[PDB]
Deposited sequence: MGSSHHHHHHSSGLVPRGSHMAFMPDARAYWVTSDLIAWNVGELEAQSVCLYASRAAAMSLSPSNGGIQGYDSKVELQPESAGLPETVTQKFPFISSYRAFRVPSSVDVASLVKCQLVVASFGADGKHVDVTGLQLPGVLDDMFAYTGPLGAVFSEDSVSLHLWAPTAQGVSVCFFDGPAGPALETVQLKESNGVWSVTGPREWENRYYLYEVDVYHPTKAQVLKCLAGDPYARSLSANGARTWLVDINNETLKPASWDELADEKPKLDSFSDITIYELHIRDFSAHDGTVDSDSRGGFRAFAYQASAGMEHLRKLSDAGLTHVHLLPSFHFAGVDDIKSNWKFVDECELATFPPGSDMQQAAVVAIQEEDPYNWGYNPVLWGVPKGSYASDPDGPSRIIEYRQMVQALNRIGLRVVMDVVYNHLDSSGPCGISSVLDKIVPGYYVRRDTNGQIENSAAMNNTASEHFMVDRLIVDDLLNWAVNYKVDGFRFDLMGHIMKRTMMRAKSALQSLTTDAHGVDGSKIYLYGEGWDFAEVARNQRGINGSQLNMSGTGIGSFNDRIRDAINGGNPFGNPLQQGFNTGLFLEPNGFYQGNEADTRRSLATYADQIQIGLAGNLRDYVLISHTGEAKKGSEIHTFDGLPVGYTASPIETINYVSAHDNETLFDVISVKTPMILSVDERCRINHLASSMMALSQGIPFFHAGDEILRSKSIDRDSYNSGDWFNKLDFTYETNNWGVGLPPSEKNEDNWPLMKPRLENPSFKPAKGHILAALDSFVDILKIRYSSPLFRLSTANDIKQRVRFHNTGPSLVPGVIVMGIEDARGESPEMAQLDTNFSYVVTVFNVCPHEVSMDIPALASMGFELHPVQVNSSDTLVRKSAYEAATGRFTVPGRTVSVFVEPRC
């Protein structure tokens, strides 16, 4: 009907911004209608002329909203009751358009008092920030399915709606009824919404459970003593991360009771094959498990009686390169138990589908029991937090909450008023005060109420840097005496990708890789990933890299002439070595041309620095993650088809060892260690248990279970089919167990010397040297030396009581190499004791010759040499 866009901005109590011309600016008015009854302006309750502000927009405004800094400014007269107007339908007219209100809403209504439910001895109170709402009431219910028992009116003060009732309100269910103007419908609508500050929910978040999160009955045995029982963490430099999905972990695990597979409770089965696996990794030195999204997300029904399943017996009979398996999975993929969970509804509540019973307390106590179980086998717990976007927006539908209550505020919008979608639809606006508040409050909820040990930030580049830093400070100031957790050990990292509307700091300084340099917050190092694997997950799948045969073992995909592939290989080796040295801006490497270059002076294909950090703790080194192809699958695609699976097994080990022996923080995708496959699925978020299988019997790796789902993969099916059909590509249990044994040993090696985990940039610059460099380097070999104090009157602290020097040779060549390093001649090097005793017969052949400083290393092998002190 009347359905304006919103090209103007109400930025402060007294200023409106609108990009009109000078003559147009001489007659602008503001029109309001409480009933949203305006027509094309007619049908308004009030009008006021806006006098152009020749001074323009002040610094506070242009700093907060850089993308509108050139807009003309208009002064709102003191006669205007702003609090009343922001509840109405508004337009400005010169041309007619609506107003984007977040600036003025923060300016007038930013609030730091209590939100959500507050309990006291004799009362329960509710508080909701909804400054644009015309009315707010609460509907109470006595259970998850009953009818409403009563409706209570809330009263507004300074933008916040509140009501206090008796203690007996505890454990009721409730919803807010919010009467508010929704721009997408140009109407004032009555919306039923859960509490943004919810701490529990009925199934699918249908109602909010008015639970006291501090109730004794929600605490597992010994919960309050957990801080004392937590694994020691001396330094962030000691962190290694293992990235795991909660359903993947136990969906197929026959050692877990059938009715307890797929959720939080599976982690309480201490003797299960899955928990024995995690214990094996932790004992070897793994410190942290990063769990995929585990808060209230859309895309899986919490009501288990609605779950559908493929006939996994029938699908097993289909050919390994058939498209029938994926067709069957896809036919029910919206009704199965499976999703990665990157679809946020309410951040502060555990996912009901992972609980035994989605109504009542089980989701809370079982989440706590999971954290406690992981901690008790020596693993700290990281949550994958998704603050950059929402599942849904608008007035309707069970999965929209924040945007029902304060429409157009929690979500970021373009200059026409339309919601921004670059972060997987319905991008949030952390630049707005109460969004930033909710993000920080949520982090503190998980840290305090669930004793979570760290956080991985999905699309961190879409979050304001100021939000990241305020969160970091608040988290790291938590103490055991005041809060029950040692905040000083809580670690933060994320995806610092810079793209779309947040690029060039257009919405403020965002959490990009470059902007987070010097913050102590980690970001994923895509440079080392791509240099090792080759190309980029969105480039040609056959593009080779340092560890997939570029130059050394061409795969038949044309990638240039021999001189060019040789140089491209050497260029990738430069990028890898910067990454192995913590991916630092200032680390100086002899590059492939012979020229000494800082990490920042070695560039990406887009001219950005390869090395971008100020500290090794800012670097998350990885070759694999839940996104894109698994390590095994990328290797199987890019290497020559003729390689044996035995050869590919060694190549997998090389990749994970480059991570495990790097400076910075190594990150492993669950399954790296056991050759995990998704049958080459590049984006398995909705591909079910069939394509995402984690087999802790080690009988299968899930290679050859059909072409993966067509939506994301069909364009690449022709390269996939002959590989999936070829029996020589599929590993057996022996290979899987061999991969696991060597992964365990390389972790033992990392944790055998503090020299692999240097804590500062200065230490790395002083101690880490690369020895196969320049135009005449031996292709396919990286030699990395790490020095400790030795002799009398040393110029560095002694960090290692067992070893005075470590040298690592990564040999990706399919043949033995002899690397002569005169600088390391006449020293006491011997093969690392772990490798002397390796179950791999080949690595045992590695040798050092003192007279020449010659390190002889077999094909496709990582060899670690130590100089003992005793």
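In sequence order, the deposited residues that have no C-alpha coordinates form the ranges 1 to 21, 62 to 67, 122 to 129.
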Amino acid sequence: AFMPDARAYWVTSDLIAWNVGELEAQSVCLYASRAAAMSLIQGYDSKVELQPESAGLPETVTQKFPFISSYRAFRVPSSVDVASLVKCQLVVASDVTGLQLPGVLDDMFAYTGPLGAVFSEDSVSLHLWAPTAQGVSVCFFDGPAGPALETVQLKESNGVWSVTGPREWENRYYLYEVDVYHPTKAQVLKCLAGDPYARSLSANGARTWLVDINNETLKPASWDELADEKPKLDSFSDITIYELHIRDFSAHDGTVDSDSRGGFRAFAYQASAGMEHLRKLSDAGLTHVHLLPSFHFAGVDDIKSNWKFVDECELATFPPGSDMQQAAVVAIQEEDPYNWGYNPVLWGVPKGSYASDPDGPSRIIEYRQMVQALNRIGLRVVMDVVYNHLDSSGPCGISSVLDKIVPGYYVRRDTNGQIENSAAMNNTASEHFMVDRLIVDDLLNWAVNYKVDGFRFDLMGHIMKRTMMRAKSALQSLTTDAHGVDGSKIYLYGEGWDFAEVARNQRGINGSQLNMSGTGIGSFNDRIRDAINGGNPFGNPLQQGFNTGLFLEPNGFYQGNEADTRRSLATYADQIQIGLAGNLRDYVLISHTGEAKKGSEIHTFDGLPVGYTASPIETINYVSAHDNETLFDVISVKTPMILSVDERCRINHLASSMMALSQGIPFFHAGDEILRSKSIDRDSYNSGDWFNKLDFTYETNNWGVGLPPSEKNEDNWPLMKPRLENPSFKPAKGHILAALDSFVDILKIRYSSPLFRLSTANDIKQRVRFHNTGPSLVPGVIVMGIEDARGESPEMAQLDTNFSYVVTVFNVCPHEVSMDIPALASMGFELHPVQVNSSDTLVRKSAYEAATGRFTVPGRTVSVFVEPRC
From here on, numbers count along this sequence of modelled residues.
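Checked against the other entries of this protein, residue 562 counts as unresolved in at least one third of those spanning it.
In at least a third of the other PDB entries of this protein that model the residues around it, residue 23 has no coordinates. Stretches compared: 310 to 318, 496 to 504. Higher mean C-alpha B-factor in the entry: 310 to 318. Checked against the record, the higher mean CA B factor of 839 to 847 and 51 to 59 lies with 51 to 59. For the set 273, 610, 478, 425, the PDB entry puts the maximum C-alpha B factor at 425. Taking the deposited Cα B-factors for 81, 436, 683, 403, the highest one is held by 81. Ranked against the other modelled residues of its chain, the C-alpha B-factor of residue 472 as given in the entry falls in the lowest third. Among all modelled residues in its chain, residue 818 ranks in the middle third by Cα B-factor. Among all modelled residues in its chain, residue 603 ranks in the highest third by Cα B-factor.
Per the deposited record, the Cα B-factor of residue 586 falls in the middle third when ranked against the other modelled residues of its chain. When the modelled residues of the chain are ordered by their C-alpha B factor, residue 700 lands in the middle third.
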